[PDB]
Amino acid sequence: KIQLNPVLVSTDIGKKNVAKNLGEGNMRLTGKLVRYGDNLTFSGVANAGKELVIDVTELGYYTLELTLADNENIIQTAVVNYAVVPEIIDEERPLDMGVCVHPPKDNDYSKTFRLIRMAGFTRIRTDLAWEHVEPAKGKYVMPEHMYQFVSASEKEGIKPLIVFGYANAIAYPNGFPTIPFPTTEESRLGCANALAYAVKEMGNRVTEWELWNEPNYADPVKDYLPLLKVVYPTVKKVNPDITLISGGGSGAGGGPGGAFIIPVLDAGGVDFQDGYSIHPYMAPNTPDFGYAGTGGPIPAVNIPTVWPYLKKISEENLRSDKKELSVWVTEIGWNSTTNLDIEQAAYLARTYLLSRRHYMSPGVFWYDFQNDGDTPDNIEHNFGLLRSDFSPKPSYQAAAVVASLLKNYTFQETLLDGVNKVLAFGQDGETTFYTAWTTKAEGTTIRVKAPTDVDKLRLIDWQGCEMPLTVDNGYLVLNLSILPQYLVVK
């Protein structure tokens, strides 16, 4: 047998314990780590019973080719991926990077959250069923998976966000006459007190609570706002410090044109939330240009249009106490069924780079962390950063690298816009890095005038791999791809 390391991700360069030889006698286990793009290869050998360790001198997303053999008789082979990612300091992780996390299949929360940590995320989103919290009318319980999620988040320094909902027909069988959403006075009260119990129990271990996941069936004004008017005061009395989040990514296209919030504001409902959420899926299109929507306040549904548009709405339609409603991007993602793996990676990095550029949301949550299954032509089984066997996809590498560069730097300047992008980010007025990419699939070359001195610049690609600079008479010659590259200062 060939025993793979359960963790196929490792921070920094160095010795990587990828696998173990479980053979006998003269069976040698050879391993090759081959980097994406340029095929930088690292080799190692392990005899029967020994650990296979390979010296990795550069960062990258690697293909791991394993071969067990006696002399010239190939007994067993294996192929997986291995992500050698940059190490990120705890306090320097992006506070706006989140990821949607379903329960692990192997029930190993520490392993999954170690993998979430090395991707650079500081937030996670997961479900909580009303059904599971209130199994009978008026009687409450906190499910085991909730304690597992929250404690595992605290060990890795992650703020969990919890989406509460789905219909509890067992407790309140008369509560859902028209739709799977509480429309009776009794069931609204039951929902409010059920969430209020959950908020009390967790306290400030969970400061972000999202009311219902994608209530498209529920009308904003006639169905949702009545429920919200009971839930908001019931929950905030129990814990004033939380952010109660409405919408649940409901409305046309998941709400990027304001399909949930605008009806609620026009009906005088602004005070009954601390914020709302959107699910602005643009797949399979780029986050740069997105798609032409039917909801007509905005030219196209993309990050550069949607982010400033919803910022304006929140700025111009304040609460009674003049607090601004926060906008939470509780799901956004692309899948490997309708995009290439490398497109998914490129669009992940571009989402967070463009999100920070037009900074407005305190939490942009990638859907989702792990592939929900193995079926290639099922889109819902291919949104992951990891595969079902915990093997990292290229999007994992892109997340770790983009997290390590972004940190909590604020947007400085647009050097170039349109088909090609060159953007500057930084700290307290000084630029710390530049990012550059092209929307053109085939790639392009551009010449950017050296904004800092050449000896004060390092060029990093999407992967963490360092490249030399090409200087043509005071201009940096950049070979742009869909995958962003980065020019770091000092």
# chains A, B, ... in the order shown; residues from 1 in each chain; ligands from 1

$ residues_around --residues "stretch 436-445 of chain A" --least-positions-apart "3" --cutoff "7 Å" --atoms "only C-alpha atoms" --output "ChimeraX atom specification"
/A:419-423,477-486

$ residues_around --residues "residue A:358" --least-positions-apart "3" --cutoff "9 Å" --atoms "only C-alpha atoms" --output "MDAnalysis selection string"
chainID A and resid 303:304 307:308 353:355 411

$ select_by_dssp --residues "stretch 217-330 of chain A" --states "strand (DSSP E or B)" --output "list in words"
residues 243, 244, 245, 246, 275, 276, 277, 291, 301, 326, 327, 328, 329 and 330 of chain A

$ closest_residue --among "A:71, A:273, A:21, A:435" --to "residue A:47" --atoms "only C-alpha atoms"
A:21

$ closest_atom_pairs --of "stretch 376-442 of chain A" --to "stretch 50-64 of chain A" --cutoff "9 Å" --atoms "only C-alpha atoms" --output "JSON lines"
{"residue": "A:392", "atom": "CA", "partner": "A:61", "partner_atom": "CA", "distance": 8.6}
{"residue": "A:393", "atom": "CA", "partner": "A:61", "partner_atom": "CA", "distance": 8.5}
{"residue": "A:394", "atom": "CA", "partner": "A:61", "partner_atom": "CA", "distance": 6.7}
{"residue": "A:396", "atom": "CA", "partner": "A:61", "partner_atom": "CA", "distance": 8.9}
{"residue": "A:397", "atom": "CA", "partner": "A:61", "partner_atom": "CA", "distance": 6.2}
{"residue": "A:398", "atom": "CA", "partner": "A:61", "partner_atom": "CA", "distance": 9.0}

$ residues_around --residues "stretch 239-246 of chain A" --least-positions-apart "5" --cutoff "7 Å" --atoms "only C-alpha atoms" --output "list in words"
residues 199, 200, 203, 207, 208, 209, 210, 211, 273, 274, 275, 276 and 277 of chain A

$ write_last_selection --atoms "N, CA, C and O atoms" --output "PDB file, in the first residue's frame"
ATOM      1  N   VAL A 199     -28.473  32.205  20.136  1.00  0.00           N
ATOM      2  CA  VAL A 199     -27.642  33.401  20.317  1.00  0.00           C
ATOM      3  C   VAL A 199     -27.181  33.546  21.774  1.00  0.00           C
ATOM      4  O   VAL A 199     -26.014  33.853  22.024  1.00  0.00           O
ATOM      5  N   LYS A 200     -28.102  33.325  22.716  1.00  0.00           N
ATOM      6  CA  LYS A 200     -27.794  33.312  24.156  1.00  0.00           C
ATOM      7  C   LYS A 200     -26.684  32.315  24.490  1.00  0.00           C
ATOM      8  O   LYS A 200     -25.720  32.652  25.179  1.00  0.00           O
ATOM      9  N   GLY A 203     -23.380  33.311  22.682  1.00  0.00           N
ATOM     10  CA  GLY A 203     -22.960  34.624  23.149  1.00  0.00           C
ATOM     11  C   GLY A 203     -22.159  35.325  22.070  1.00  0.00           C
ATOM     12  O   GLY A 203     -22.583  35.363  20.909  1.00  0.00           O
ATOM     13  N   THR A 207     -20.844  36.256  16.556  1.00  0.00           N
ATOM     14  CA  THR A 207     -21.344  37.636  16.450  1.00  0.00           C
ATOM     15  C   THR A 207     -22.092  37.944  15.141  1.00  0.00           C
ATOM     16  O   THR A 207     -22.611  39.052  14.982  1.00  0.00           O
ATOM     17  N   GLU A 208     -22.147  36.979  14.218  1.00  0.00           N
ATOM     18  CA  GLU A 208     -22.835  37.150  12.931  1.00  0.00           C
ATOM     19  C   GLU A 208     -23.863  36.039  12.727  1.00  0.00           C
ATOM     20  O   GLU A 208     -23.499  34.863  12.624  1.00  0.00           O
ATOM     21  N   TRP A 209     -25.139  36.424  12.666  1.00  0.00           N
ATOM     22  CA  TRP A 209     -26.254  35.495  12.489  1.00  0.00           C
ATOM     23  C   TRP A 209     -27.074  35.905  11.274  1.00  0.00           C
ATOM     24  O   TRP A 209     -27.530  37.048  11.191  1.00  0.00           O
ATOM     25  N   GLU A 210     -27.260  34.966  10.344  1.00  0.00           N
ATOM     26  CA  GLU A 210     -27.956  35.216   9.082  1.00  0.00           C
ATOM     27  C   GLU A 210     -29.308  34.517   9.114  1.00  0.00           C
ATOM     28  O   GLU A 210     -29.374  33.306   9.300  1.00  0.00           O
ATOM     29  N   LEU A 211     -30.383  35.282   8.939  1.00  0.00           N
ATOM     30  CA  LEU A 211     -31.738  34.738   9.022  1.00  0.00           C
ATOM     31  C   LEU A 211     -32.154  34.148   7.671  1.00  0.00           C
ATOM     32  O   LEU A 211     -32.478  34.878   6.734  1.00  0.00           O
ATOM     33  N   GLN A 273     -32.921  45.344  10.797  1.00  0.00           N
ATOM     34  CA  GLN A 273     -31.665  44.622  10.570  1.00  0.00           C
ATOM     35  C   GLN A 273     -30.458  45.460  10.979  1.00  0.00           C
ATOM     36  O   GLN A 273     -30.538  46.688  11.089  1.00  0.00           O
ATOM     37  N   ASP A 274     -29.344  44.768  11.199  1.00  0.00           N
ATOM     38  CA  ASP A 274     -28.019  45.385  11.268  1.00  0.00           C
ATOM     39  C   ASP A 274     -27.320  45.325   9.902  1.00  0.00           C
ATOM     40  O   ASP A 274     -26.450  46.145   9.606  1.00  0.00           O
ATOM     41  N   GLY A 275     -27.693  44.345   9.081  1.00  0.00           N
ATOM     42  CA  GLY A 275     -27.199  44.245   7.713  1.00  0.00           C
ATOM     43  C   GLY A 275     -28.005  43.251   6.902  1.00  0.00           C
ATOM     44  O   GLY A 275     -28.923  42.616   7.430  1.00  0.00           O
ATOM     45  N   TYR A 276     -27.679  43.136   5.616  1.00  0.00           N
ATOM     46  CA  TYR A 276     -28.285  42.128   4.742  1.00  0.00           C
ATOM     47  C   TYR A 276     -27.216  41.410   3.937  1.00  0.00           C
ATOM     48  O   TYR A 276     -26.074  41.862   3.873  1.00  0.00           O
ATOM     49  N   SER A 277     -27.596  40.288   3.332  1.00  0.00           N
ATOM     50  CA  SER A 277     -26.670  39.475   2.551  1.00  0.00           C
ATOM     51  C   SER A 277     -27.118  39.279   1.104  1.00  0.00           C
ATOM     52  O   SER A 277     -28.317  39.288   0.808  1.00  0.00           O
TER      53      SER A 277
END

$ residues_around --residues "stretch 362-371 of chain A" --least-positions-apart "6" --cutoff "6 Å" --atoms "only C-alpha atoms" --output "VMD selection string"
chain A and resid 96 to 101 328 to 333 381 to 388

$ write_last_selection --atoms "N, CA, C and O atoms" --output "compact mmCIF listing (two decimals), in the first residue's frame"
# COMPACT_ATOMS: atom_id res chain seq x y z
N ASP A 96 -11.72 40.11 5.74
CA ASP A 96 -12.88 40.02 4.84
C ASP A 96 -12.97 38.71 4.04
O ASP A 96 -13.98 38.49 3.36
N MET A 97 -11.95 37.86 4.12
CA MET A 97 -11.99 36.55 3.44
C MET A 97 -12.71 35.52 4.30
O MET A 97 -12.25 35.21 5.40
N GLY A 98 -13.82 35.01 3.79
CA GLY A 98 -14.55 33.91 4.42
C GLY A 98 -14.69 32.74 3.47
O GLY A 98 -14.37 32.85 2.29
N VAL A 99 -15.17 31.61 3.99
CA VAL A 99 -15.45 30.43 3.16
C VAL A 99 -16.62 29.62 3.74
O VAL A 99 -16.73 29.45 4.95
N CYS A 100 -17.49 29.13 2.86
CA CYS A 100 -18.63 28.30 3.27
C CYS A 100 -18.15 26.88 3.55
O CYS A 100 -17.47 26.29 2.71
N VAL A 101 -18.51 26.35 4.72
CA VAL A 101 -18.01 25.06 5.19
C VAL A 101 -19.17 24.16 5.61
O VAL A 101 -19.90 24.47 6.56
N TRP A 328 -23.20 41.82 3.46
CA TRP A 328 -22.39 40.60 3.60
C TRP A 328 -22.54 39.72 2.37
O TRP A 328 -23.64 39.30 2.03
N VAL A 329 -21.43 39.42 1.70
CA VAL A 329 -21.45 38.54 0.52
C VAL A 329 -21.31 37.10 1.02
O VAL A 329 -20.23 36.51 0.98
N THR A 330 -22.42 36.55 1.50
CA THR A 330 -22.41 35.27 2.22
C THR A 330 -22.25 34.03 1.33
O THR A 330 -21.95 32.95 1.83
N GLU A 331 -22.44 34.18 0.02
CA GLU A 331 -21.98 33.19 -0.95
C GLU A 331 -21.53 33.86 -2.25
O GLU A 331 -22.23 34.71 -2.79
N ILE A 332 -20.35 33.48 -2.72
CA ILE A 332 -19.94 33.74 -4.10
C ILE A 332 -18.96 32.64 -4.49
O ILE A 332 -18.16 32.20 -3.66
N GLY A 333 -19.04 32.17 -5.73
CA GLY A 333 -18.16 31.11 -6.18
C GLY A 333 -18.32 30.70 -7.62
O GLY A 333 -19.28 31.08 -8.29
N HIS A 381 -21.23 19.58 -6.89
CA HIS A 381 -20.10 18.75 -6.43
C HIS A 381 -18.73 19.30 -6.83
O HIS A 381 -17.72 18.63 -6.59
N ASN A 382 -18.67 20.49 -7.43
CA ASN A 382 -17.41 21.02 -7.98
C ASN A 382 -17.09 22.48 -7.62
O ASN A 382 -16.21 23.09 -8.24
N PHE A 383 -17.75 23.03 -6.60
CA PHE A 383 -17.46 24.40 -6.11
C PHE A 383 -16.25 24.48 -5.16
O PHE A 383 -15.86 25.58 -4.77
N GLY A 384 -15.67 23.34 -4.80
CA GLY A 384 -14.67 23.28 -3.73
C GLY A 384 -13.28 23.80 -4.05
O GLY A 384 -12.88 23.90 -5.21
N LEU A 385 -12.55 24.15 -2.99
CA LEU A 385 -11.10 24.38 -3.04
C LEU A 385 -10.34 23.06 -2.88
O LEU A 385 -9.26 22.89 -3.44
N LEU A 386 -10.92 22.14 -2.11
CA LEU A 386 -10.42 20.77 -1.98
C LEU A 386 -11.40 19.81 -2.65
O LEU A 386 -12.59 20.10 -2.74
N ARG A 387 -10.88 18.67 -3.10
CA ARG A 387 -11.71 17.58 -3.60
C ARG A 387 -12.26 16.78 -2.42
O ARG A 387 -11.88 17.03 -1.27
N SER A 388 -13.14 15.83 -2.70
CA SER A 388 -13.75 14.98 -1.65
C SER A 388 -12.71 14.20 -0.83
O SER A 388 -12.91 13.97 0.36

$ residues_around --residues "residue A:471" --least-positions-apart "4" --cutoff "10 Å" --atoms "only C-alpha atoms" --output "CSV table (one decimal) with C-alpha atoms, in the first residue's frame"
chain,number,residue,atom,x,y,z
A,447,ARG,CA,4.9,47.4,-20.4
A,448,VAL,CA,4.2,49.3,-17.2
A,449,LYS,CA,6.6,52.1,-16.2
A,450,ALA,CA,8.5,51.1,-13.0
A,454,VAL,CA,13.6,48.1,-9.8
A,475,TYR,CA,9.4,49.7,-18.2
A,476,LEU,CA,8.5,46.4,-16.6
A,477,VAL,CA,7.6,43.9,-19.3
A,478,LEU,CA,4.7,41.8,-17.8

$ closest_residue --among "A:231, A:170, A:402, A:325" --to "residue A:345" --atoms "only C-alpha atoms"
A:402

$ closest_residue --among "A:322, A:458, A:114, A:188" --to "residue A:470" --atoms "only C-alpha atoms"
A:458

$ closest_residue --among "A:311, A:125, A:105, A:117" --to "residue A:206" --atoms "only C-alpha atoms"
A:125

$ decode --residues "stretch 15-44 of chain A" --atoms "N, CA, C and O atoms" --output "PDB file, in the first residue's frame"
ATOM      1  N   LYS A  15      11.392  20.504   3.792  1.00  0.00           N
ATOM      2  CA  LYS A  15      11.149  19.054   3.748  1.00  0.00           C
ATOM      3  C   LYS A  15       9.668  18.745   3.906  1.00  0.00           C
ATOM      4  O   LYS A  15       9.066  19.103   4.920  1.00  0.00           O
ATOM      5  N   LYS A  16       9.106  18.056   2.912  1.00  0.00           N
ATOM      6  CA  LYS A  16       7.686  17.723   2.879  1.00  0.00           C
ATOM      7  C   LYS A  16       7.470  16.214   2.986  1.00  0.00           C
ATOM      8  O   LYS A  16       7.820  15.464   2.076  1.00  0.00           O
ATOM      9  N   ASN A  17       6.899  15.791   4.115  1.00  0.00           N
ATOM     10  CA  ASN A  17       6.563  14.392   4.369  1.00  0.00           C
ATOM     11  C   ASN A  17       5.236  14.072   3.668  1.00  0.00           C
ATOM     12  O   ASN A  17       4.161  14.157   4.269  1.00  0.00           O
ATOM     13  N   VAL A  18       5.329  13.715   2.389  1.00  0.00           N
ATOM     14  CA  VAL A  18       4.146  13.510   1.537  1.00  0.00           C
ATOM     15  C   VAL A  18       3.438  12.161   1.730  1.00  0.00           C
ATOM     16  O   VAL A  18       2.209  12.097   1.640  1.00  0.00           O
ATOM     17  N   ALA A  19       4.198  11.094   1.983  1.00  0.00           N
ATOM     18  CA  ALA A  19       3.631   9.742   2.078  1.00  0.00           C
ATOM     19  C   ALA A  19       4.538   8.766   2.833  1.00  0.00           C
ATOM     20  O   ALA A  19       5.656   9.115   3.214  1.00  0.00           O
ATOM     21  N   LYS A  20       4.034   7.550   3.053  1.00  0.00           N
ATOM     22  CA  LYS A  20       4.782   6.471   3.710  1.00  0.00           C
ATOM     23  C   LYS A  20       4.691   5.176   2.899  1.00  0.00           C
ATOM     24  O   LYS A  20       3.640   4.856   2.336  1.00  0.00           O
ATOM     25  N   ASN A  21       5.798   4.438   2.854  1.00  0.00           N
ATOM     26  CA  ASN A  21       5.861   3.146   2.177  1.00  0.00           C
ATOM     27  C   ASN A  21       5.365   2.063   3.138  1.00  0.00           C
ATOM     28  O   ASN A  21       5.994   1.815   4.168  1.00  0.00           O
ATOM     29  N   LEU A  22       4.238   1.433   2.799  1.00  0.00           N
ATOM     30  CA  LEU A  22       3.715   0.289   3.557  1.00  0.00           C
ATOM     31  C   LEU A  22       4.022  -1.064   2.891  1.00  0.00           C
ATOM     32  O   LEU A  22       3.393  -2.073   3.218  1.00  0.00           O
ATOM     33  N   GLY A  23       4.998  -1.090   1.979  1.00  0.00           N
ATOM     34  CA  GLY A  23       5.425  -2.324   1.312  1.00  0.00           C
ATOM     35  C   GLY A  23       6.339  -3.191   2.163  1.00  0.00           C
ATOM     36  O   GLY A  23       6.516  -2.942   3.361  1.00  0.00           O
ATOM     37  N   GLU A  24       6.915  -4.213   1.532  1.00  0.00           N
ATOM     38  CA  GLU A  24       7.759  -5.203   2.211  1.00  0.00           C
ATOM     39  C   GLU A  24       8.999  -5.537   1.377  1.00  0.00           C
ATOM     40  O   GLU A  24       8.942  -5.546   0.146  1.00  0.00           O
ATOM     41  N   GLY A  25      10.115  -5.804   2.053  1.00  0.00           N
ATOM     42  CA  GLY A  25      11.331  -6.281   1.399  1.00  0.00           C
ATOM     43  C   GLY A  25      12.044  -5.247   0.543  1.00  0.00           C
ATOM     44  O   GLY A  25      12.629  -4.301   1.074  1.00  0.00           O
ATOM     45  N   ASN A  26      11.986  -5.434  -0.779  1.00  0.00           N
ATOM     46  CA  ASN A  26      12.709  -4.602  -1.757  1.00  0.00           C
ATOM     47  C   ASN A  26      11.804  -3.593  -2.502  1.00  0.00           C
ATOM     48  O   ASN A  26      12.210  -3.026  -3.521  1.00  0.00           O
ATOM     49  N   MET A  27      10.595  -3.357  -1.990  1.00  0.00           N
ATOM     50  CA  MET A  27       9.668  -2.400  -2.600  1.00  0.00           C
ATOM     51  C   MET A  27      10.084  -0.963  -2.274  1.00  0.00           C
ATOM     52  O   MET A  27      10.033  -0.548  -1.113  1.00  0.00           O
ATOM     53  N   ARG A  28      10.507  -0.222  -3.300  1.00  0.00           N
ATOM     54  CA  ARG A  28      10.871   1.197  -3.174  1.00  0.00           C
ATOM     55  C   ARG A  28       9.705   2.090  -3.603  1.00  0.00           C
ATOM     56  O   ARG A  28       9.075   1.829  -4.630  1.00  0.00           O
ATOM     57  N   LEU A  29       9.442   3.145  -2.827  1.00  0.00           N
ATOM     58  CA  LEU A  29       8.419   4.148  -3.156  1.00  0.00           C
ATOM     59  C   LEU A  29       9.091   5.425  -3.661  1.00  0.00           C
ATOM     60  O   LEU A  29       9.702   6.157  -2.880  1.00  0.00           O
ATOM     61  N   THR A  30       8.984   5.679  -4.966  1.00  0.00           N
ATOM     62  CA  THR A  30       9.519   6.895  -5.584  1.00  0.00           C
ATOM     63  C   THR A  30       8.409   7.945  -5.700  1.00  0.00           C
ATOM     64  O   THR A  30       7.274   7.615  -6.064  1.00  0.00           O
ATOM     65  N   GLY A  31       8.749   9.198  -5.389  1.00  0.00           N
ATOM     66  CA  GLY A  31       7.815  10.327  -5.461  1.00  0.00           C
ATOM     67  C   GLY A  31       8.387  11.483  -6.262  1.00  0.00           C
ATOM     68  O   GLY A  31       9.550  11.847  -6.081  1.00  0.00           O
ATOM     69  N   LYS A  32       7.567  12.046  -7.151  1.00  0.00           N
ATOM     70  CA  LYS A  32       7.922  13.225  -7.946  1.00  0.00           C
ATOM     71  C   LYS A  32       6.891  14.321  -7.698  1.00  0.00           C
ATOM     72  O   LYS A  32       5.697  14.097  -7.903  1.00  0.00           O
ATOM     73  N   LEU A  33       7.353  15.492  -7.254  1.00  0.00           N
ATOM     74  CA  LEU A  33       6.505  16.681  -7.115  1.00  0.00           C
ATOM     75  C   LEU A  33       6.779  17.607  -8.289  1.00  0.00           C
ATOM     76  O   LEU A  33       7.862  18.174  -8.374  1.00  0.00           O
ATOM     77  N   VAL A  34       5.790  17.760  -9.172  1.00  0.00           N
ATOM     78  CA  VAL A  34       5.916  18.544 -10.408  1.00  0.00           C
ATOM     79  C   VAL A  34       5.026  19.790 -10.343  1.00  0.00           C
ATOM     80  O   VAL A  34       3.807  19.680 -10.207  1.00  0.00           O
ATOM     81  N   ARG A  35       5.641  20.966 -10.464  1.00  0.00           N
ATOM     82  CA  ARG A  35       4.939  22.246 -10.319  1.00  0.00           C
ATOM     83  C   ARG A  35       4.101  22.581 -11.555  1.00  0.00           C
ATOM     84  O   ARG A  35       4.496  22.269 -12.678  1.00  0.00           O
ATOM     85  N   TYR A  36       2.951  23.220 -11.336  1.00  0.00           N
ATOM     86  CA  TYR A  36       2.081  23.664 -12.431  1.00  0.00           C
ATOM     87  C   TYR A  36       2.807  24.706 -13.294  1.00  0.00           C
ATOM     88  O   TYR A  36       3.549  25.549 -12.774  1.00  0.00           O
ATOM     89  N   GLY A  37       2.602  24.621 -14.609  1.00  0.00           N
ATOM     90  CA  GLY A  37       3.117  25.609 -15.559  1.00  0.00           C
ATOM     91  C   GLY A  37       4.501  25.308 -16.107  1.00  0.00           C
ATOM     92  O   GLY A  37       4.652  25.070 -17.304  1.00  0.00           O
ATOM     93  N   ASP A  38       5.506  25.333 -15.232  1.00  0.00           N
ATOM     94  CA  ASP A  38       6.914  25.175 -15.629  1.00  0.00           C
ATOM     95  C   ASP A  38       7.536  23.809 -15.292  1.00  0.00           C
ATOM     96  O   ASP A  38       8.700  23.570 -15.617  1.00  0.00           O
ATOM     97  N   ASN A  39       6.766  22.935 -14.639  1.00  0.00           N
ATOM     98  CA  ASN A  39       7.189  21.560 -14.319  1.00  0.00           C
ATOM     99  C   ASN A  39       8.487  21.451 -13.495  1.00  0.00           C
ATOM    100  O   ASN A  39       9.263  20.511 -13.680  1.00  0.00           O
ATOM    101  N   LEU A  40       8.716  22.406 -12.590  1.00  0.00           N
ATOM    102  CA  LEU A  40       9.807  22.302 -11.620  1.00  0.00           C
ATOM    103  C   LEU A  40       9.576  21.039 -10.790  1.00  0.00           C
ATOM    104  O   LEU A  40       8.531  20.894 -10.151  1.00  0.00           O
ATOM    105  N   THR A  41      10.548  20.129 -10.827  1.00  0.00           N
ATOM    106  CA  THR A  41      10.394  18.783 -10.272  1.00  0.00           C
ATOM    107  C   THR A  41      11.318  18.559  -9.073  1.00  0.00           C
ATOM    108  O   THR A  41      12.463  19.012  -9.071  1.00  0.00           O
ATOM    109  N   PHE A  42      10.796  17.868  -8.060  1.00  0.00           N
ATOM    110  CA  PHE A  42      11.570  17.454  -6.887  1.00  0.00           C
ATOM    111  C   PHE A  42      11.321  15.971  -6.624  1.00  0.00           C
ATOM    112  O   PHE A  42      10.176  15.521  -6.669  1.00  0.00           O
ATOM    113  N   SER A  43      12.395  15.229  -6.348  1.00  0.00           N
ATOM    114  CA  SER A  43      12.340  13.769  -6.231  1.00  0.00           C
ATOM    115  C   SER A  43      12.784  13.273  -4.867  1.00  0.00           C
ATOM    116  O   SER A  43      13.590  13.914  -4.192  1.00  0.00           O
ATOM    117  N   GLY A  44      12.254  12.115  -4.483  1.00  0.00           N
ATOM    118  CA  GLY A  44      12.623  11.447  -3.235  1.00  0.00           C
ATOM    119  C   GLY A  44      12.272   9.972  -3.274  1.00  0.00           C
ATOM    120  O   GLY A  44      11.374   9.566  -4.016  1.00  0.00           O
TER     121      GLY A  44
END
